[PDB]
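Only one structure is covered here, and it is reproduced in the block below.
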Amino acid sequence: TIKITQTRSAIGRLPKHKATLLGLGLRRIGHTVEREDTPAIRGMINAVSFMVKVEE
RNA sequence: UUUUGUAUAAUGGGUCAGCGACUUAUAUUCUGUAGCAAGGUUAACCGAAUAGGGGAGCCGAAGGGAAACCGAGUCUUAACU
RNA sequence: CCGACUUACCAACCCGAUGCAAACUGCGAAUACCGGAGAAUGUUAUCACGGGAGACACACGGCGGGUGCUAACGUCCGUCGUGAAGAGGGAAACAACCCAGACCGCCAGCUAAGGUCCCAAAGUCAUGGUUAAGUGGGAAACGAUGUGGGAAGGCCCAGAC
RNA sequence: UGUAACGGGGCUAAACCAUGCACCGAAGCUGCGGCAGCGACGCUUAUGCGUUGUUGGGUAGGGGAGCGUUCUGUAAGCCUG
RNA sequence: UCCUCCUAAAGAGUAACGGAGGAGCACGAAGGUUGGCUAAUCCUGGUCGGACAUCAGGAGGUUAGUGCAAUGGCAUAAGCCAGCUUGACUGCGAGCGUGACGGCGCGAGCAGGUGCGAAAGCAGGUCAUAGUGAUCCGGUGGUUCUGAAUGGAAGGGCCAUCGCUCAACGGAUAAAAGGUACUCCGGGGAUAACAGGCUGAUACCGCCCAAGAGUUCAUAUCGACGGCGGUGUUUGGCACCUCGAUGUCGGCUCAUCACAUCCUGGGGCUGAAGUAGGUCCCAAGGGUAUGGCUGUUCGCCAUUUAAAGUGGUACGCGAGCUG
RNA sequence: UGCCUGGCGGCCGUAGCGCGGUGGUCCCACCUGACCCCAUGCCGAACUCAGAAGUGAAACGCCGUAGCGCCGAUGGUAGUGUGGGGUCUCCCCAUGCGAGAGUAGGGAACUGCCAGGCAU
Ligand SMILES: [Mg+2]
Ligand SMILES: [Mg+2]
Ligand SMILES: [Mg+2]
Ligand SMILES: [Mg+2]
Ligand SMILES: [Mg+2]
Ligand SMILES: [Mg+2]
Ligand SMILES: [Mg+2]
Ligand SMILES: [Mg+2]
Ligand SMILES: [Mg+2]
Ligand SMILES: [Mg+2]
Ligand SMILES: [Mg+2]
Ligand SMILES: [Mg+2]
Ligand SMILES: [Mg+2]
Ligand SMILES: [Mg+2]
Ligand SMILES: [Mg+2]
Ligand SMILES: [Mg+2]
Ligand SMILES: [Mg+2]
Ligand SMILES: [Mg+2]
Ligand SMILES: [Mg+2]
Ligand SMILES: [Mg+2]
Ligand SMILES: [Mg+2]
Ligand SMILES: [Mg+2]
Ligand SMILES: [Mg+2]
Ligand SMILES: [Mg+2]
Ligand SMILES: [Mg+2]
Ligand SMILES: [Mg+2]
Ligand SMILES: [Mg+2]
Ligand SMILES: [Mg+2]
Ligand SMILES: [Mg+2]
Ligand SMILES: [Mg+2]
Ligand SMILES: [Mg+2]
Ligand SMILES: [Mg+2]
Ligand SMILES: [Mg+2]
Ligand SMILES: [Mg+2]
Ligand SMILES: [Mg+2]
Ligand SMILES: [Mg+2]
Ligand SMILES: [Mg+2]
Ligand SMILES: [Mg+2]
Ligand SMILES: [Mg+2]
Ligand SMILES: [Mg+2]
Ligand SMILES: [Mg+2]
Ligand SMILES: [Mg+2]
Ligand SMILES: [Mg+2]
Ligand SMILES: [Mg+2]
Ligand SMILES: [Mg+2]
Ligand SMILES: [Mg+2]
Ligand SMILES: [Mg+2]
Ligand SMILES: [Mg+2]
Ligand SMILES: [Mg+2]
Ligand SMILES: [Mg+2]
Ligand SMILES: [Mg+2]
Ligand SMILES: [Mg+2]
Ligand SMILES: [Mg+2]
Ligand SMILES: [Mg+2]
Ligand SMILES: [Mg+2]
Ligand SMILES: [Mg+2]
Ligand SMILES: [Mg+2]
Ligand SMILES: [Mg+2]
Ligand SMILES: [Mg+2]
Ligand SMILES: [Mg+2]
Ligand SMILES: [Mg+2]
Ligand SMILES: [Mg+2]
Ligand SMILES: [Mg+2]
Ligand SMILES: [Mg+2]
Ligand SMILES: [Mg+2]
Ligand SMILES: [Mg+2]
Ligand SMILES: [Mg+2]
Ligand SMILES: [Mg+2]
Ligand SMILES: [Mg+2]
Ligand SMILES: [Mg+2]
Ligand SMILES: [Mg+2]
Ligand SMILES: [Mg+2]
Ligand SMILES: [Mg+2]
Ligand SMILES: [Mg+2]
Ligand SMILES: [Mg+2]
Ligand SMILES: [Mg+2]
Ligand SMILES: [Mg+2]
């Protein structure tokens, strides 16, 4: 279980960068989401690391 | 208004008041609603007459094949699992 | 005839070394594309049918290219973003650049881009060096004892310069 | 055409390359109140009585719900010197 | 109109008046099967015989060949020869690929009847990708499907098939050229010329090395073979503003700004003895001609001037004039 | 159980070339002859038949040799997906992927089944 938050917009981003946020459940700026720790979530975090921040 | 793009030095209007631009008939398809239901429904017309009669007639319940023709099967081909 | 020779010259095949090619690959990625399984999330976001449209004049920016002068806010193709159809802050002004997607109201607070001397809201903030040209605040080949450094080298107290 | 290649004043830093701590800075995010749609759930529906999550920029265009005027029936009713 | 490669950004596809080439056929064998075989080139030797015909070996290993243009493939050969034959058959077709669609292509396998091979097996056209044209209309053959009172038939219908460089090749008609400055309408700055805008291939100007010319000596003064920049001044590229009008070349009057200055002013070098000169730097305060020719700016000539500038202002200025 | 040989395979160069030796009990190859089965665009050269006198010369199988071919590291370089930048017809930073060429080096194949001859 890890905590993720979004800190940047998804306006000029790629479709694969917005679908990643859709999969992570992020809705807007500063949306705190709890997600299970798994290689899939880690890969998503690596993919959108420039706009997300983890609390661990 | 037209444009990728108008404060544009692209067009329109001096202002006010009145008038002014997806309507009508018939025919077909679709949606909702209402009656009836494997049936539904009349037109012309008669009728003192929005009643009633008139089911002539139209759609659908059975389709296949060009057509004869056959039939919940048919055509295709001498014959097709 | 046959030829004996060298000779201000050029040069085939092969060998050794150095390169080039969108229409050359004995080599060969990253990305992208097809399919399967799996956890999580997304208002089925997917497909099929039926009713109704609108549109087929796009532009700019990034990356990958052709034609141009490796010129054009030039033109032609692929991908993404924006405008078109998107308000707001910033770049002094600015359709396409950056941040960021306006349900409404509040004389509440927190931030991103971008800034904190005044216009104009915020540090005349602290330590550390550079610049003396208003460089900052438009530009090249090239030239110069301009300085701020780093690493070496020659000559040199029998005397260098 | 008139400074006119920092926006201007002005700056020997208020310029640049390096470190850090603060602040300003948007319709971005958080706080309060209010409206509407979709979907889950028990409302045994009153089709709404609480929840909860989410969404609500918008041209052409599509869908849905509505306001206003004339006349007609309700209406020999009602208001009105 | 159709075929091959690249551009085409390693799935497919993907444009330009982009770069390179082809097709509008041919074959009863150049098809199928069975059986067998492997060259291009070079070297050596040998009669006519030569660099190269034919014959022997050796090296080489597809560097040849594909009926054709290119690409992808071909040794089990798809290449090269011989024999036998017509599967260059009929009716079907699981399941796919590609297209907006019409449509096109690959196809295991089924029923009948064949060819080759002893047989297993192969053959529903050529190694593959171009060799092509919707519909209507009309013709031919066959067809027991129809046959307008009945029996026939004409005609029509199903199958095979024929006729179109419809080449503008998804084809508007069975058949079709030009002028308008006598002109006209709806429209476009979606699209033309002057002008304005972006860039600067061209134009002008500036700068760098120095081979040299310069009686010796590169740089008093010029400057090759080459290179780097500036103005947006010419001829030009794009077509972003304007076609429900921004009036255009030249001339007259009227000027203004700039300096890469024609004179005046000051200076450096000089292959500057002096006058008179050449080159370069600063400097825009002022001035900067009259006539013949031509509509002309430009330009030629005559004669002056201390000098008779370069360019911008919508190639300045027509709600100032001229035509 | 070993050695050698033949056939059918697996993989397709660390598997292939070249140099030097070895092998004939058996197998294999070379080899003898041909009216016949059969054939040569002529020819027992090839195919095929009847045989084993002779030979391991050639081919073939085996052995060792690095004159070639071949494989091939680690590290580094180019390139590149995503996000930021600069002096932007070209590069840099952060995080992942990571070549090719070349060097050191490896390397004279391995193996399955069915058969034949000699030892056991
Ligand atoms: Mg956990
Ligand atoms: Mg326009
Ligand atoms: Mg504006
Ligand atoms: Mg317009
Ligand atoms: Mg206007
Ligand atoms: Mg107009
Ligand atoms: Mg007007
Ligand atoms: Mg109805
Ligand atoms: Mg019927
Ligand atoms: Mg059936
Ligand atoms: Mg290439
Ligand atoms: Mg997938
Ligand atoms: Mg069109
Ligand atoms: Mg178009
Ligand atoms: Mg376009
Ligand atoms: Mg454009
Ligand atoms: Mg580009
Ligand atoms: Mg351009
Ligand atoms: Mg602009
Ligand atoms: Mg254009
Ligand atoms: Mg539009
Ligand atoms: Mg905006
Ligand atoms: Mg948007
Ligand atoms: Mg703004
Ligand atoms: Mg600006
Ligand atoms: Mg502003
Ligand atoms: Mg704050
Ligand atoms: Mg900040
Ligand atoms: Mg202040
Ligand atoms: Mg201070
Ligand atoms: Mg001035
Ligand atoms: Mg605010
Ligand atoms: Mg908000
Ligand atoms: Mg609230
Ligand atoms: Mg809305
Ligand atoms: Mg919103
Ligand atoms: Mg009434
Ligand atoms: Mg491709
Ligand atoms: Mg691709
Ligand atoms: Mg053939
Ligand atoms: Mg054969
Ligand atoms: Mg000869
Ligand atoms: Mg060829
Ligand atoms: Mg053949
Ligand atoms: Mg059969
Ligand atoms: Mg037979
Ligand atoms: Mg062919
Ligand atoms: Mg016709
Ligand atoms: Mg008759
Ligand atoms: Mg009959
Ligand atoms: Mg015809
Ligand atoms: Mg066509
Ligand atoms: Mg007109
Ligand atoms: Mg235009
Ligand atoms: Mg023009
Ligand atoms: Mg204009
Ligand atoms: Mg000389
Ligand atoms: Mg021009
Ligand atoms: Mg005009
Ligand atoms: Mg006008
Ligand atoms: Mg005019
Ligand atoms: Mg001067
Ligand atoms: Mg002055
Ligand atoms: Mg004075
Ligand atoms: Mg005279
Ligand atoms: Mg003029
Ligand atoms: Mg004039
Ligand atoms: Mg005027
Ligand atoms: Mg005249
Ligand atoms: Mg023997
Ligand atoms: Mg023999
Ligand atoms: Mg031997
Ligand atoms: Mg490596
Ligand atoms: Mg990048
Ligand atoms: Mg390597
Ligand atoms: Mg290597
Ligand atoms: Mg060997």
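Labels for the structure tokens follow display order: chains A, B, ..., residues from 1 in each chain, ligands from 1.
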
Those of chain A in DSSP strand (DSSP E), formatted as a VMD selection string: chain A and resid 2 to 6 32 to 35 52 to 55

Shell around region 121-126 of chain E at 10 Å using only C-alpha atoms (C1' of nucleotides), local window under 5 positions removed, as a PyMOL selection string: chain E and resi 27+30-33+87-90+115-116

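Taking only C-alpha atoms (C1' of nucleotides) and all ligand atoms into account, every polymer residue with at least one atom at most 12 Å away from ligand 15 is listed here: residues 4 of chain B; 56, 57, 58, 59, 60, 75, 76, 77 and 78 of chain C; 15 of chain E.
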
Per-residue nearest contacts chain D to ligand 33, cut-off 12 Å, using only C-alpha atoms (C1' of nucleotides) and all ligand atoms, as a tab-separated table:
residue	atom	partner	partner_atom_place_in_ligand_line	distance
D:26	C1'	ligand 33	1 (Mg)	11.2
D:27	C1'	ligand 33	1 (Mg)	7.0
D:28	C1'	ligand 33	1 (Mg)	7.3
D:29	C1'	ligand 33	1 (Mg)	7.9
D:30	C1'	ligand 33	1 (Mg)	10.4
D:56	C1'	ligand 33	1 (Mg)	11.5
D:57	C1'	ligand 33	1 (Mg)	11.9

Please dump the current selection as a PDB file, in the first residue's frame; keep C-alpha atoms (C1' of nucleotides).
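The resulting file, result24.pdb, is shown below:
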ATOM      1  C1'   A D  26      -3.818  32.326 -11.913  1.00  0.00           C
ATOM      2  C1'   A D  27     -11.112  31.235 -13.234  1.00  0.00           C
ATOM      3  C1'   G D  28      -4.875  25.895 -11.057  1.00  0.00           C
ATOM      4  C1'   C D  29      -5.552  23.420  -5.837  1.00  0.00           C
ATOM      5  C1'   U D  30      -7.839  23.760  -0.476  1.00  0.00           C
ATOM      6  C1'   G D  56     -21.138  20.404 -15.311  1.00  0.00           C
ATOM      7  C1'   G D  57     -15.482  25.725 -21.289  1.00  0.00           C
TER       8        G D  57
END

Within 6 Å of region 7-18 of chain A using only C-alpha atoms (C1' of nucleotides), minus same-chain residues under 4 positions, as number ranges by chain: A: 29-30, 51-52; C: 81

Surrounding residues as a PyMOL selection string, ligand 35, max 12 Å, only C-alpha atoms (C1' of nucleotides) and all ligand atoms: (chain C and resi 102-103) or (chain D and resi 36-37+55-58)

Nearby residues, ligand 56, 8 Å, only C-alpha atoms (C1' of nucleotides) and all ligand atoms, as an MDAnalysis selection string: chainID E and resid 195:197 241:242 246

Resulting file, chosen residues, N, CA, C and O atoms (P, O5', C5', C4', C3', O3' and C1' of nucleotides), as a PDB file, in the first residue's frame:
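Final output, saved to out_10.pdb:
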ATOM      1  P     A E 195       5.348  46.934 -56.954  1.00  0.00           P
ATOM      2  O5'   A E 195       4.685  47.569 -55.654  1.00  0.00           O
ATOM      3  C5'   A E 195       4.646  48.976 -55.477  1.00  0.00           C
ATOM      4  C4'   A E 195       3.540  49.393 -54.542  1.00  0.00           C
ATOM      5  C3'   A E 195       3.630  48.870 -53.119  1.00  0.00           C
ATOM      6  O3'   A E 195       4.563  49.576 -52.321  1.00  0.00           O
ATOM      7  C1'   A E 195       1.431  48.583 -53.911  1.00  0.00           C
ATOM      8  P     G E 196       5.790  48.789 -51.645  1.00  0.00           P
ATOM      9  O5'   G E 196       5.189  48.241 -50.276  1.00  0.00           O
ATOM     10  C5'   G E 196       4.728  49.139 -49.280  1.00  0.00           C
ATOM     11  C4'   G E 196       3.773  48.473 -48.320  1.00  0.00           C
ATOM     12  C3'   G E 196       4.300  47.258 -47.576  1.00  0.00           C
ATOM     13  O3'   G E 196       5.135  47.583 -46.478  1.00  0.00           O
ATOM     14  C1'   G E 196       2.172  46.760 -48.440  1.00  0.00           C
ATOM     15  P     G E 197       6.492  46.756 -46.229  1.00  0.00           P
ATOM     16  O5'   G E 197       5.991  45.320 -45.749  1.00  0.00           O
ATOM     17  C5'   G E 197       5.311  45.165 -44.512  1.00  0.00           C
ATOM     18  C4'   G E 197       4.867  43.739 -44.285  1.00  0.00           C
ATOM     19  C3'   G E 197       5.961  42.684 -44.271  1.00  0.00           C
ATOM     20  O3'   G E 197       6.643  42.615 -43.030  1.00  0.00           O
ATOM     21  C1'   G E 197       4.161  41.937 -45.609  1.00  0.00           C
ATOM     22  P     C E 241      -5.238  37.179 -46.034  1.00  0.00           P
ATOM     23  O5'   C E 241      -5.683  38.430 -45.154  1.00  0.00           O
ATOM     24  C5'   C E 241      -4.717  39.299 -44.583  1.00  0.00           C
ATOM     25  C4'   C E 241      -5.116  40.747 -44.712  1.00  0.00           C
ATOM     26  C3'   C E 241      -5.950  41.095 -45.935  1.00  0.00           C
ATOM     27  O3'   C E 241      -7.330  40.849 -45.741  1.00  0.00           O
ATOM     28  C1'   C E 241      -4.163  42.630 -45.737  1.00  0.00           C
ATOM     29  P     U E 242      -8.231  40.337 -46.964  1.00  0.00           P
ATOM     30  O5'   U E 242      -8.405  41.631 -47.879  1.00  0.00           O
ATOM     31  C5'   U E 242      -9.071  42.781 -47.376  1.00  0.00           C
ATOM     32  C4'   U E 242      -8.724  44.031 -48.147  1.00  0.00           C
ATOM     33  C3'   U E 242      -9.215  44.094 -49.583  1.00  0.00           C
ATOM     34  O3'   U E 242     -10.574  44.484 -49.670  1.00  0.00           O
ATOM     35  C1'   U E 242      -6.957  44.813 -49.469  1.00  0.00           C
ATOM     36  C1'   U E 246      -5.861  50.611 -51.351  1.00  0.00           C
ATOM     37  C3'   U E 246      -7.386  52.128 -52.322  1.00  0.00           C
ATOM     38  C4'   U E 246      -7.882  51.729 -50.941  1.00  0.00           C
ATOM     39  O3'   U E 246      -7.709  53.465 -52.666  1.00  0.00           O
ATOM     40  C5'   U E 246      -9.338  51.351 -50.842  1.00  0.00           C
ATOM     41  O5'   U E 246      -9.528  49.945 -50.943  1.00  0.00           O
ATOM     42  P     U E 246     -10.974  49.337 -51.226  1.00  0.00           P
TER      43        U E 246
END

Residues at most 12 Å from residue 74 (chain C), counting only C-alpha atoms (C1' of nucleotides), excluding those fewer than 2 positions away in the same chain, as a PDB file with C-alpha atoms (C1' of nucleotides), in the first residue's frame?
ATOM      1  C1'   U C  67      11.158  20.157 -52.903  1.00  0.00           C
ATOM      2  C1'   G C  68      13.393  25.121 -51.965  1.00  0.00           C
ATOM      3  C1'   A C  71      15.371  31.007 -47.177  1.00  0.00           C
ATOM      4  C1'   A C  72      10.327  32.361 -45.937  1.00  0.00           C
ATOM      5  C1'   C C  76       4.130  18.926 -49.657  1.00  0.00           C
TER       6        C C  76
ATOM      7  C1'   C E 198       8.130  37.318 -44.618  1.00  0.00           C
ATOM      8  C1'   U E 199      13.208  35.510 -46.595  1.00  0.00           C
ATOM      9  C1'   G E 237      10.254  33.426 -54.229  1.00  0.00           C
ATOM     10  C1'   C E 238       5.387  32.786 -50.889  1.00  0.00           C
ATOM     11  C1'   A E 239       0.654  34.685 -51.771  1.00  0.00           C
ATOM     12  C1'   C E 240      -0.442  36.679 -45.390  1.00  0.00           C
TER      13        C E 240
END

Protein and nucleic residues near ligand 17, 10 Å, only C-alpha atoms (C1' of nucleotides) and all ligand atoms, as a ChimeraX atom specification: /C:62-65

Residue hits in chain C, query chain A, radius 7 Å, only C-alpha atoms (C1' of nucleotides), as a PyMOL selection string: chain C and resi 41-42+80-81

I need the chosen residues saved as a PDB file, in the first residue's frame, with N, CA, C and O atoms (P, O5', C5', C4', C3', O3' and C1' of nucleotides).
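Result file follows (part-v7.pdb):
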ATOM      1  P     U C  41      -9.817  -1.737  -8.144  1.00  0.00           P
ATOM      2  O5'   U C  41      -9.910  -0.379  -8.969  1.00  0.00           O
ATOM      3  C5'   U C  41      -9.276   0.801  -8.498  1.00  0.00           C
ATOM      4  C4'   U C  41      -9.003   1.761  -9.626  1.00  0.00           C
ATOM      5  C3'   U C  41     -10.189   2.086 -10.518  1.00  0.00           C
ATOM      6  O3'   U C  41     -11.022   3.090  -9.964  1.00  0.00           O
ATOM      7  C1'   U C  41      -8.299   1.587 -11.855  1.00  0.00           C
ATOM      8  P     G C  42     -12.593   3.115 -10.288  1.00  0.00           P
ATOM      9  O5'   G C  42     -12.676   3.804 -11.721  1.00  0.00           O
ATOM     10  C5'   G C  42     -12.054   5.057 -11.966  1.00  0.00           C
ATOM     11  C4'   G C  42     -11.958   5.339 -13.443  1.00  0.00           C
ATOM     12  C3'   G C  42     -13.238   5.141 -14.239  1.00  0.00           C
ATOM     13  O3'   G C  42     -14.113   6.255 -14.155  1.00  0.00           O
ATOM     14  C1'   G C  42     -11.436   4.094 -15.361  1.00  0.00           C
ATOM     15  P     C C  80      -1.309  11.105 -33.120  1.00  0.00           P
ATOM     16  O5'   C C  80      -0.706  12.125 -32.057  1.00  0.00           O
ATOM     17  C5'   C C  80      -0.071  11.655 -30.876  1.00  0.00           C
ATOM     18  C4'   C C  80       0.571  12.780 -30.106  1.00  0.00           C
ATOM     19  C3'   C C  80      -0.308  13.991 -29.835  1.00  0.00           C
ATOM     20  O3'   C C  80      -1.185  13.804 -28.738  1.00  0.00           O
ATOM     21  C1'   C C  80       1.798  14.712 -30.622  1.00  0.00           C
ATOM     22  P     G C  81      -2.566  14.623 -28.660  1.00  0.00           P
ATOM     23  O5'   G C  81      -2.120  16.102 -28.273  1.00  0.00           O
ATOM     24  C5'   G C  81      -1.508  16.376 -27.020  1.00  0.00           C
ATOM     25  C4'   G C  81      -1.017  17.801 -26.942  1.00  0.00           C
ATOM     26  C3'   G C  81      -2.035  18.878 -27.284  1.00  0.00           C
ATOM     27  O3'   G C  81      -2.895  19.183 -26.200  1.00  0.00           O
ATOM     28  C1'   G C  81      -0.010  19.321 -28.416  1.00  0.00           C
TER      29        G C  81
END

Close residues to ligand 41 using only C-alpha atoms (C1' of nucleotides) and all ligand atoms, limit 10 Å, as JSON, numbers by chain: {"E": [33, 34, 35, 36, 76, 77]}

Output C-alpha atoms (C1' of nucleotides) for every residue in the selection just made, as a PDB file, in the first residue's frame.
ATOM      1  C1'   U E  33       3.742 -34.787 -64.582  1.00  0.00           C
ATOM      2  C1'   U E  34       7.880 -38.111 -64.660  1.00  0.00           C
ATOM      3  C1'   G E  35      13.261 -38.930 -65.392  1.00  0.00           C
ATOM      4  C1'   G E  36      18.168 -36.486 -65.522  1.00  0.00           C
ATOM      5  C1'   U E  76      14.384 -30.126 -53.104  1.00  0.00           C
ATOM      6  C1'   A E  77      16.184 -25.732 -57.948  1.00  0.00           C
TER       7        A E  77
END

Close residues to ligand 43 using only C-alpha atoms (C1' of nucleotides) and all ligand atoms, limit 12 Å, as number ranges by chain: E: 4, 21-22, 65-72

DSSP-assigned helix (DSSP H, G or I) members of chain A, reported as a PyMOL selection string: chain A and resi 15-24+39-47

Shortest interatomic distance to chain F - which of A:50, A:45, A:4, A:55, counting only C-alpha atoms (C1' of nucleotides): A:50

Proximity of chain F to chain A: per-residue shortest pair, 9 Å limit, only C-alpha atoms (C1' of nucleotides), as JSON lines:
{"residue": "F:82", "atom": "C1'", "partner": "A:47", "partner_atom": "CA", "distance": 7.3}
{"residue": "F:83", "atom": "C1'", "partner": "A:50", "partner_atom": "CA", "distance": 6.1}
{"residue": "F:95", "atom": "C1'", "partner": "A:46", "partner_atom": "CA", "distance": 8.9}

Å distance separating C1' of residue 83 (chain C) from atom 1 (Mg, counted along the ligand's line) of ligand 14, one decimal place: 19.1 Å

Neighbourhood of ligand 3 at 10 Å, counting only C-alpha atoms (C1' of nucleotides) and all ligand atoms, reported as a ChimeraX atom specification: /B:6-8 /C:94-95

Surrounding residues of region 128-144 of chain C excluding itself and chain neighbours under 5 positions, 8 Å, only C-alpha atoms (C1' of nucleotides), as a ChimeraX atom specification: /D:5-6,12,15-16 /E:208,227-229

File of the preceding selection, C-alpha atoms (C1' of nucleotides), as a PDB file, in the first residue's frame:
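Below you can see selection-v8.pdb, which holds the result:
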ATOM      1  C1'   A D   5      17.537  45.702 -30.365  1.00  0.00           C
ATOM      2  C1'   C D   6      16.293  45.714 -21.084  1.00  0.00           C
ATOM      3  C1'   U D  12      28.512  48.591 -11.343  1.00  0.00           C
ATOM      4  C1'   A D  15      23.929  41.447 -14.787  1.00  0.00           C
ATOM      5  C1'   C D  16      25.623  35.974 -15.430  1.00  0.00           C
TER       6        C D  16
ATOM      7  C1'   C E 208      39.365  37.572 -43.801  1.00  0.00           C
ATOM      8  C1'   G E 227      35.692  32.429 -47.668  1.00  0.00           C
ATOM      9  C1'   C E 228      32.406  35.393 -43.879  1.00  0.00           C
ATOM     10  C1'   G E 229      28.771  39.094 -43.033  1.00  0.00           C
TER      11        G E 229
END

Selection within 12 Å of ligand 27 by only C-alpha atoms (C1' of nucleotides) and all ligand atoms, output as a list in words: residues 109, 110, 111, 121 and 122 of chain C; 22, 23, 24 and 25 of chain D

Taking C-alpha atoms (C1' of nucleotides) for each residue, export the selection above as a PDB file, in the first residue's frame.
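result.pdb, written as the output of this step:
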ATOM      1  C1'   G C 109      -6.029  30.284   2.271  1.00  0.00           C
ATOM      2  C1'   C C 110      -2.103  27.136  -0.618  1.00  0.00           C
ATOM      3  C1'   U C 111       0.797  26.836  -5.178  1.00  0.00           C
ATOM      4  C1'   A C 121       2.463  42.438  -5.176  1.00  0.00           C
ATOM      5  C1'   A C 122       6.704  40.036  -3.347  1.00  0.00           C
TER       6        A C 122
ATOM      7  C1'   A D  22      11.267  32.764   2.482  1.00  0.00           C
ATOM      8  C1'   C D  23       7.510  35.609  -0.138  1.00  0.00           C
ATOM      9  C1'   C D  24       4.479  37.324  -4.334  1.00  0.00           C
ATOM     10  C1'   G D  25       2.192  35.106  -8.085  1.00  0.00           C
TER      11        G D  25
END
